file data.pdb (PDB, C-alpha atoms and all ligand atoms)
ATOM      1  CA  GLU A  16     112.886  82.245  89.310
ATOM      2  CA  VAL A  17     109.870  80.407  90.781
ATOM      3  CA  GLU A  18     109.679  79.168  94.375
ATOM      4  CA  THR A  19     107.549  76.123  95.052
ATOM      5  CA  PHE A  20     106.191  75.386  98.569
ATOM      6  CA  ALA A  21     104.288  72.468 100.091
ATOM      7  CA  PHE A  22     101.089  73.058 101.999
ATOM      8  CA  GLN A  23     100.884  71.403 105.390
ATOM      9  CA  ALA A  24      98.958  68.151 105.350
ATOM     10  CA  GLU A  25      95.739  69.471 106.929
ATOM     11  CA  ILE A  26      95.517  72.416 104.522
ATOM     12  CA  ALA A  27      96.223  69.995 101.622
ATOM     13  CA  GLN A  28      93.399  67.793 103.015
ATOM     14  CA  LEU A  29      90.952  70.765 103.144
ATOM     15  CA  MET A  30      91.825  71.929  99.601
ATOM     16  CA  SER A  31      91.188  68.403  98.341
ATOM     17  CA  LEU A  32      87.776  68.232 100.195
ATOM     18  CA  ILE A  33      86.826  71.566  98.595
ATOM     19  CA  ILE A  34      88.054  70.821  95.069
ATOM     20  CA  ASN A  35      86.333  67.402  95.164
ATOM     21  CA  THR A  36      82.969  68.234  96.806
ATOM     22  CA  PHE A  37      79.582  68.066  95.072
ATOM     23  CA  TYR A  38      78.339  70.727  97.512
ATOM     24  CA  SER A  39      75.612  72.356  95.480
ATOM     25  CA  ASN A  40      75.682  76.047  96.540
ATOM     26  CA  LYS A  41      79.074  76.766  94.872
ATOM     27  CA  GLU A  42      78.081  80.354  93.967
ATOM     28  CA  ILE A  43      79.332  81.340  97.450
ATOM     29  CA  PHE A  44      83.002  81.468  96.147
ATOM     30  CA  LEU A  45      82.176  84.818  94.543
ATOM     31  CA  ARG A  46      80.882  86.410  97.808
ATOM     32  CA  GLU A  47      84.083  85.279  99.541
ATOM     33  CA  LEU A  48      86.471  86.781  96.898
ATOM     34  CA  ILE A  49      84.485  90.013  96.764
ATOM     35  CA  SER A  50      84.554  90.201 100.564
ATOM     36  CA  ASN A  51      88.345  89.817 100.552
ATOM     37  CA  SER A  52      88.586  92.602  97.961
ATOM     38  CA  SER A  53      86.296  94.845 100.050
ATOM     39  CA  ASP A  54      88.459  94.139 103.119
ATOM     40  CA  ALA A  55      91.562  95.031 101.102
ATOM     41  CA  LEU A  56      89.989  98.282  99.934
ATOM     42  CA  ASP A  57      88.896  99.156 103.581
ATOM     43  CA  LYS A  58      92.414  98.350 104.748
ATOM     44  CA  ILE A  59      94.090 100.761 102.363
ATOM     45  CA  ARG A  60      91.384 103.389 102.893
ATOM     46  CA  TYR A  61      91.746 103.190 106.769
ATOM     47  CA  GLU A  62      95.533 103.445 106.209
ATOM     48  CA  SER A  63      95.095 106.495 103.896
ATOM     49  CA  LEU A  64      93.300 108.482 106.653
ATOM     50  CA  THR A  65      96.548 109.169 108.558
ATOM     51  CA  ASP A  66      98.985 108.779 105.690
ATOM     52  CA  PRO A  67      97.569 110.310 102.509
ATOM     53  CA  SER A  68     100.600 109.194 100.431
ATOM     54  CA  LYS A  69      99.311 105.590 100.772
ATOM     55  CA  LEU A  70      97.095 106.371  97.709
ATOM     56  CA  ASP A  71      99.835 107.809  95.434
ATOM     57  CA  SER A  72      99.699 104.341  93.756
ATOM     58  CA  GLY A  73      96.083 104.851  92.605
ATOM     59  CA  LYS A  74      93.215 106.874  93.972
ATOM     60  CA  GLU A  75      90.404 104.693  92.581
ATOM     61  CA  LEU A  76      88.873 102.147  95.013
ATOM     62  CA  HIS A  77      86.902  99.550  93.085
ATOM     63  CA  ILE A  78      86.202  95.932  92.237
ATOM     64  CA  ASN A  79      85.947  94.604  88.688
ATOM     65  CA  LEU A  80      84.660  91.218  87.574
ATOM     66  CA  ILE A  81      86.079  90.074  84.281
ATOM     67  CA  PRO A  82      84.818  86.891  82.600
ATOM     68  CA  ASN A  83      86.752  85.507  79.640
ATOM     69  CA  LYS A  84      85.045  82.632  77.775
ATOM     70  CA  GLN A  85      88.008  82.223  75.431
ATOM     71  CA  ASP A  86      90.416  81.472  78.298
ATOM     72  CA  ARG A  87      87.645  79.998  80.604
ATOM     73  CA  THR A  88      88.778  82.428  83.366
ATOM     74  CA  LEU A  89      86.852  84.643  85.752
ATOM     75  CA  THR A  90      89.112  87.397  87.117
ATOM     76  CA  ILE A  91      88.296  89.400  90.256
ATOM     77  CA  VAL A  92      90.279  92.666  90.299
ATOM     78  CA  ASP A  93      90.556  95.232  93.072
ATOM     79  CA  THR A  94      92.652  98.320  93.858
ATOM     80  CA  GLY A  95      93.003  97.430  97.556
ATOM     81  CA  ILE A  96      96.054  97.194  99.785
ATOM     82  CA  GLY A  97      97.530  94.183  97.933
ATOM     83  CA  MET A  98      99.893  91.609  99.494
ATOM     84  CA  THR A  99     103.630  91.444  99.967
ATOM     85  CA  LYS A 100     105.864  88.393  99.302
ATOM     86  CA  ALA A 101     105.873  87.747 103.052
ATOM     87  CA  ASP A 102     102.020  87.893 103.101
ATOM     88  CA  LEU A 103     101.817  85.290 100.291
ATOM     89  CA  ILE A 104     104.431  82.838 101.676
ATOM     90  CA  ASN A 105     104.084  83.358 105.465
ATOM     91  CA  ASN A 106     101.472  85.653 106.987
ATOM     92  CA  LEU A 107      98.427  84.392 105.102
ATOM     93  CA  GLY A 108      99.323  80.749 105.721
ATOM     94  CA  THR A 109      99.388  81.298 109.490
ATOM     95  CA  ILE A 110      95.699  82.318 109.328
ATOM     96  CA  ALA A 111      94.934  79.589 106.818
ATOM     97  CA  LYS A 112      96.429  76.938 109.124
ATOM     98  CA  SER A 113      94.378  78.092 112.156
ATOM     99  CA  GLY A 114      91.143  78.429 110.029
ATOM    100  CA  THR A 115      91.563  75.031 108.277
ATOM    101  CA  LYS A 116      92.059  73.014 111.489
ATOM    102  CA  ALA A 117      88.733  74.153 112.918
ATOM    103  CA  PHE A 118      86.585  74.093 109.755
ATOM    104  CA  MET A 119      87.516  70.446 109.132
ATOM    105  CA  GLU A 120      86.030  69.463 112.453
ATOM    106  CA  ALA A 121      82.808  71.457 111.885
ATOM    107  CA  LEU A 122      82.513  69.611 108.550
ATOM    108  CA  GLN A 123      82.602  66.274 110.593
ATOM    109  CA  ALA A 124      80.046  67.834 112.985
ATOM    110  CA  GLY A 125      77.848  68.431 109.890
ATOM    111  CA  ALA A 126      78.388  72.180 109.406
ATOM    112  CA  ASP A 127      77.729  73.825 106.057
ATOM    113  CA  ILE A 128      80.531  74.659 103.579
ATOM    114  CA  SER A 129      79.095  78.241 103.254
ATOM    115  CA  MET A 130      80.409  79.142 106.690
ATOM    116  CA  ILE A 131      83.920  78.632 105.318
ATOM    117  CA  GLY A 132      84.396  82.408 105.557
ATOM    118  CA  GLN A 133      83.688  82.382 109.304
ATOM    119  CA  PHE A 134      86.963  80.533 109.849
ATOM    120  CA  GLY A 135      89.099  82.816 107.686
ATOM    121  CA  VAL A 136      89.673  80.244 104.851
ATOM    122  CA  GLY A 137      87.045  81.726 102.483
ATOM    123  CA  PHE A 138      89.740  82.125  99.806
ATOM    124  CA  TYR A 139      89.901  78.359  99.346
ATOM    125  CA  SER A 140      86.204  78.342  98.308
ATOM    126  CA  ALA A 141      87.702  79.342  94.909
ATOM    127  CA  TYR A 142      88.359  75.624  94.410
ATOM    128  CA  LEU A 143      84.600  74.963  94.392
ATOM    129  CA  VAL A 144      84.690  76.281  90.890
ATOM    130  CA  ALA A 145      88.366  76.553  89.820
ATOM    131  CA  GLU A 146      91.003  73.963  88.960
ATOM    132  CA  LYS A 147      93.731  76.573  89.426
ATOM    133  CA  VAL A 148      93.886  80.010  91.055
ATOM    134  CA  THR A 149      96.491  82.629  90.176
ATOM    135  CA  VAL A 150      96.794  85.677  92.476
ATOM    136  CA  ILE A 151      98.682  88.587  91.015
ATOM    137  CA  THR A 152      99.242  91.370  93.592
ATOM    138  CA  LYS A 153     101.089  94.670  94.241
ATOM    139  CA  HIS A 154     101.456  96.103  97.724
ATOM    140  CA  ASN A 155     102.941  99.601  98.179
ATOM    141  CA  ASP A 156     105.816  98.121 100.214
ATOM    142  CA  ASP A 157     106.851  95.355  97.777
ATOM    143  CA  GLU A 158     107.259  94.285  94.091
ATOM    144  CA  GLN A 159     104.540  92.653  91.971
ATOM    145  CA  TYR A 160     104.089  88.881  92.687
ATOM    146  CA  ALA A 161     102.050  85.928  91.391
ATOM    147  CA  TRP A 162     100.950  83.182  93.765
ATOM    148  CA  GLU A 163      99.432  80.129  92.142
ATOM    149  CA  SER A 164      98.063  76.737  93.117
ATOM    150  CA  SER A 165      96.157  73.912  91.529
ATOM    151  CA  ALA A 166      95.291  72.368  94.965
ATOM    152  CA  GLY A 167      97.815  69.587  94.183
ATOM    153  CA  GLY A 168      99.603  69.920  97.593
ATOM    154  CA  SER A 169     101.858  72.840  96.572
ATOM    155  CA  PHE A 170     101.832  76.467  95.458
ATOM    156  CA  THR A 171     104.359  78.679  93.629
ATOM    157  CA  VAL A 172     105.421  82.263  94.154
ATOM    158  CA  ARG A 173     107.242  84.225  91.484
ATOM    159  CA  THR A 174     108.021  87.838  90.548
ATOM    160  CA  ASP A 175     105.326  88.929  88.062
ATOM    161  CA  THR A 176     106.941  90.345  84.916
ATOM    162  CA  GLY A 177     103.449  91.089  83.507
ATOM    163  CA  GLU A 178     101.517  94.351  83.130
ATOM    164  CA  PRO A 179     102.054  96.645  86.166
ATOM    165  CA  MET A 180      98.922  97.011  88.356
ATOM    166  CA  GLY A 181      99.834 100.021  90.496
ATOM    167  CA  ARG A 182      98.370  98.646  93.713
ATOM    168  CA  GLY A 183      95.845  95.886  94.363
ATOM    169  CA  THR A 184      95.035  92.279  93.571
ATOM    170  CA  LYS A 185      93.796  90.188  90.644
ATOM    171  CA  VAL A 186      92.475  86.695  91.465
ATOM    172  CA  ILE A 187      92.274  84.636  88.280
ATOM    173  CA  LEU A 188      90.012  81.632  88.466
ATOM    174  CA  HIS A 189      90.914  78.992  85.818
ATOM    175  CA  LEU A 190      87.463  77.434  85.882
ATOM    176  CA  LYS A 191      86.571  73.695  86.073
ATOM    177  CA  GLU A 192      85.156  72.480  82.764
ATOM    178  CA  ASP A 193      81.748  71.865  84.424
ATOM    179  CA  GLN A 194      81.658  75.326  86.050
ATOM    180  CA  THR A 195      81.453  77.584  82.995
ATOM    181  CA  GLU A 196      78.138  79.124  84.188
ATOM    182  CA  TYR A 197      80.326  81.599  86.143
ATOM    183  CA  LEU A 198      81.261  83.282  82.921
ATOM    184  CA  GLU A 199      77.653  84.090  81.954
ATOM    185  CA  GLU A 200      76.687  87.703  82.570
ATOM    186  CA  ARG A 201      73.186  86.604  83.699
ATOM    187  CA  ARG A 202      74.620  84.207  86.301
ATOM    188  CA  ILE A 203      77.209  86.650  87.689
ATOM    189  CA  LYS A 204      74.592  89.430  87.958
ATOM    190  CA  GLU A 205      72.300  87.097  89.935
ATOM    191  CA  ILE A 206      75.008  86.138  92.451
ATOM    192  CA  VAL A 207      76.283  89.648  93.030
ATOM    193  CA  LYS A 208      72.688  90.877  93.599
ATOM    194  CA  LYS A 209      71.990  88.026  96.080
ATOM    195  CA  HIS A 210      75.289  88.062  98.017
ATOM    196  CA  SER A 211      77.304  91.197  97.358
ATOM    197  CA  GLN A 212      75.431  94.305  96.198
ATOM    198  CA  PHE A 213      75.708  95.957  99.673
ATOM    199  CA  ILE A 214      79.490  95.989  99.447
ATOM    200  CA  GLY A 215      80.739  99.608  99.905
ATOM    201  CA  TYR A 216      82.700  99.897  96.574
ATOM    202  CA  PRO A 217      81.627  99.889  92.959
ATOM    203  CA  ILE A 218      81.512  96.351  91.475
ATOM    204  CA  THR A 219      81.723  96.484  87.661
ATOM    205  CA  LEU A 220      80.832  93.368  85.761
ATOM    206  CA  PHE A 221      82.710  93.599  82.345
ATOM    207  CA  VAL A 222      80.946  92.383  79.197
ATOM    208  CA  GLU A 223      82.813  90.591  76.480
ATOM    209  CA  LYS A 224      82.881  91.800  72.888
ATOM    210  CA  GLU A 225      82.570  89.381  69.930
ATOM    211  CA  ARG A 226      85.250  86.642  69.780
TER     212      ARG A 226
HETATM  213  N1  LIG L   1      91.745  90.764  96.996
HETATM  214  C1  LIG L   1      92.552  90.606  98.027
HETATM  215  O1  LIG L   1      93.231  91.525  98.483
HETATM  216  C2  LIG L   1      92.856  89.248  98.562
HETATM  217  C3  LIG L   1      92.930  88.124  97.725
HETATM  218  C4  LIG L   1      93.294  86.859  98.194
HETATM  219  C5  LIG L   1      93.578  86.687  99.559
HETATM  220  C6  LIG L   1      94.026  85.426 100.147
HETATM  221  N2  LIG L   1      93.496  85.003 101.314
HETATM  222  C7  LIG L   1      93.915  83.827 101.919
HETATM  223  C8  LIG L   1      94.970  83.066 101.426
HETATM  224  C9  LIG L   1      95.686  83.469 100.258
HETATM  225  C10 LIG L   1      96.831  82.718  99.691
HETATM  226  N3  LIG L   1      97.229  81.587 100.331
HETATM  227  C11 LIG L   1      96.429  80.537 100.437
HETATM  228  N4  LIG L   1      97.158  79.659 101.171
HETATM  229  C12 LIG L   1      98.379  80.202 101.433
HETATM  230  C13 LIG L   1      99.432  79.536 102.261
HETATM  231  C14 LIG L   1      99.044  78.436 103.047
HETATM  232  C15 LIG L   1     100.021  77.789 103.837
HETATM  233  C16 LIG L   1     101.316  78.346 103.872
HETATM  234  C17 LIG L   1     101.696  79.477 103.129
HETATM  235  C18 LIG L   1     100.736  80.094 102.296
HETATM  236  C19 LIG L   1      98.445  81.490 100.902
HETATM  237  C20 LIG L   1      97.395  83.207  98.534
HETATM  238  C21 LIG L   1      96.961  84.387  97.910
HETATM  239  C22 LIG L   1      95.889  85.097  98.429
HETATM  240  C23 LIG L   1      95.202  84.683  99.552
HETATM  241  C24 LIG L   1      93.538  87.771 100.435
HETATM  242  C25 LIG L   1      93.183  89.058  99.992
HETATM  243  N5  LIG L   1      93.094  90.133 100.804
HETATM  244  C26 LIG L   1      93.481  90.093 102.202
HETATM  245  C27 LIG L   1      92.688  91.233 102.860
HETATM  246  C28 LIG L   1      93.616  92.450 102.885
HETATM  247  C29 LIG L   1      94.719  92.176 103.882
HETATM  248  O2  LIG L   1      94.078  91.699 105.060
HETATM  249  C30 LIG L   1      95.581  91.059 103.305
HETATM  250  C31 LIG L   1      94.938  90.461 102.056
END

call {"tool": "encode", "arguments": {"input": "data.pdb", "output": "structure tokens"}}
result
Amino acid sequence: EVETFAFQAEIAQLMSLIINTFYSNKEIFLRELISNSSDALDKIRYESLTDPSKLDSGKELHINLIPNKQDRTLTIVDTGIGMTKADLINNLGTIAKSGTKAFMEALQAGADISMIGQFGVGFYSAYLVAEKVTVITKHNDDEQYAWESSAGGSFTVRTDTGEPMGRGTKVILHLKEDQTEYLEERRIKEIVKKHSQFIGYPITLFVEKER
């Protein structure tokens, strides 16, 4: 049981600009995904202060970066608050619509793609490097879901039958064939050091064993 939704035309127009751009500083996608994870971890931590039971689904607060050269995927995993079905299909899109509208005008104006996160559409910077993004998430108040889009005008949402995650989010970047540098340990280390090492949670870059 998979539900397929259309994006509104202006969002669809932004995702196409992003997926098609030759903008050179594409490393900024990683800062944006890590920032979302950090926000998600803050959110559940600030919630846990009054209601301690909000961490029964996992005490550990961390971010893991998981390259897989075999599958050409970079996965960003966190144990933050996660997202509900209603977040994925409704609440997040309200912010995306408002953020999109504005950013598309600043782009006309001659603003830089790296300020995408200022307008709350930083998530879409994934398409700088990915042909498809799969978001698998578990919020305390809902079941485990997978959102996915290839920036083709639509996204799907389905119950995720896969491995239970407890609480948190995995963003799986199915990388563009010309963007495989983002699977190299040397490259990921460089970006995290430049853009993300002052994040307030441990970021663990996983190494791969022999194929
Ligand atoms: N790692 C993460 O938790 C995360 C990972 C990804 C995203 C994320 N941000 C923006 C848009 C998303 C999205 N989406 C993109 N467009 C739509 C959309 C657009 C129009 C209509 C309907 C949906 C949904 C799908 C999945 C994750 C998204 C957000 C995330 N975190 C937010 C911070 C914590 C709370 O504030 C809520 C979650």

call {"tool": "resolve_selection", "arguments": {"input": "data.pdb", "expression": "the PyMOL selection byres (((chain A and resi 32) around 12) and not hetatm)", "output": "ChimeraX atom specification"}}
result
/A:25-31,33-38,115,118-119,122-123,128,139-140,142-143,166-167

call {"tool": "residues_near_ligand", "arguments": {"input": "data.pdb", "ligand": "ligand LIG 1 (chain L)", "cutoff": "8 Å", "atoms": "only C-alpha atoms and all ligand atoms", "output": "short mmCIF file (atom, residue, chain, number, x, y, z; two decimals) with C-alpha atoms, in the frame of the given file"}}
result
data_model
loop_
_atom_site.label_atom_id
_atom_site.label_comp_id
_atom_site.auth_asym_id
_atom_site.auth_seq_id
_atom_site.Cartn_x
_atom_site.Cartn_y
_atom_site.Cartn_z
CA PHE A 20 106.19 75.39 98.57
CA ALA A 21 104.29 72.47 100.09
CA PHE A 22 101.09 73.06 102.00
CA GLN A 23 100.88 71.40 105.39
CA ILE A 26 95.52 72.42 104.52
CA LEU A 48 86.47 86.78 96.90
CA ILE A 49 84.48 90.01 96.76
CA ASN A 51 88.34 89.82 100.55
CA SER A 52 88.59 92.60 97.96
CA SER A 53 86.30 94.84 100.05
CA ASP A 54 88.46 94.14 103.12
CA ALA A 55 91.56 95.03 101.10
CA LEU A 56 89.99 98.28 99.93
CA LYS A 58 92.41 98.35 104.75
CA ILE A 91 88.30 89.40 90.26
CA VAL A 92 90.28 92.67 90.30
CA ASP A 93 90.56 95.23 93.07
CA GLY A 95 93.00 97.43 97.56
CA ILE A 96 96.05 97.19 99.78
CA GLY A 97 97.53 94.18 97.93
CA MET A 98 99.89 91.61 99.49
CA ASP A 102 102.02 87.89 103.10
CA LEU A 103 101.82 85.29 100.29
CA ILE A 104 104.43 82.84 101.68
CA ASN A 105 104.08 83.36 105.46
CA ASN A 106 101.47 85.65 106.99
CA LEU A 107 98.43 84.39 105.10
CA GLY A 108 99.32 80.75 105.72
CA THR A 109 99.39 81.30 109.49
CA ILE A 110 95.70 82.32 109.33
CA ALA A 111 94.93 79.59 106.82
CA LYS A 112 96.43 76.94 109.12
CA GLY A 135 89.10 82.82 107.69
CA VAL A 136 89.67 80.24 104.85
CA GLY A 137 87.04 81.73 102.48
CA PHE A 138 89.74 82.12 99.81
CA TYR A 139 89.90 78.36 99.35
CA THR A 149 96.49 82.63 90.18
CA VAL A 150 96.79 85.68 92.48
CA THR A 152 99.24 91.37 93.59
CA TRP A 162 100.95 83.18 93.76
CA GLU A 163 99.43 80.13 92.14
CA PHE A 170 101.83 76.47 95.46
CA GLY A 183 95.84 95.89 94.36
CA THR A 184 95.04 92.28 93.57
CA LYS A 185 93.80 90.19 90.64
CA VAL A 186 92.48 86.70 91.46
#

call {"tool": "residues_near_point", "arguments": {"input": "data.pdb", "point": "(84.9, 80.6, 93.8)", "cutoff": "7 Å", "atoms": "all atoms listed in the file", "output": "ChimeraX atom specification"}}
result
/A:42-45,140-145

call {"tool": "atom_distance", "arguments": {"input": "data.pdb", "atom1": "atom CA of residue 59 of chain A", "atom2": "atom CA of residue 132 of chain A"}}
result
21.0 Å

call {"tool": "closest_atom_pairs", "arguments": {"input": "data.pdb", "of": "segment 70-143 of chain A", "to": "segment 208-214 of chain A", "cutoff": "12 Å", "atoms": "only C-alpha atoms", "output": "JSON lines"}}
result
{"residue": "A:77", "atom": "CA", "partner": "A:214", "partner_atom": "CA", "distance": 10.4}
{"residue": "A:78", "atom": "CA", "partner": "A:214", "partner_atom": "CA", "distance": 9.9}
{"residue": "A:129", "atom": "CA", "partner": "A:210", "partner_atom": "CA", "distance": 11.8}

call {"tool": "closest_residue", "arguments": {"input": "data.pdb", "among": "A:155, A:65, A:90, A:194", "to": "residue 219 of chain A", "atoms": "all atoms listed in the file"}}
result
A:90

call {"tool": "closest_residue", "arguments": {"input": "data.pdb", "among": "A:153, A:147, A:182, A:84", "to": "residue 70 of chain A", "atoms": "all atoms listed in the file"}}
result
A:182
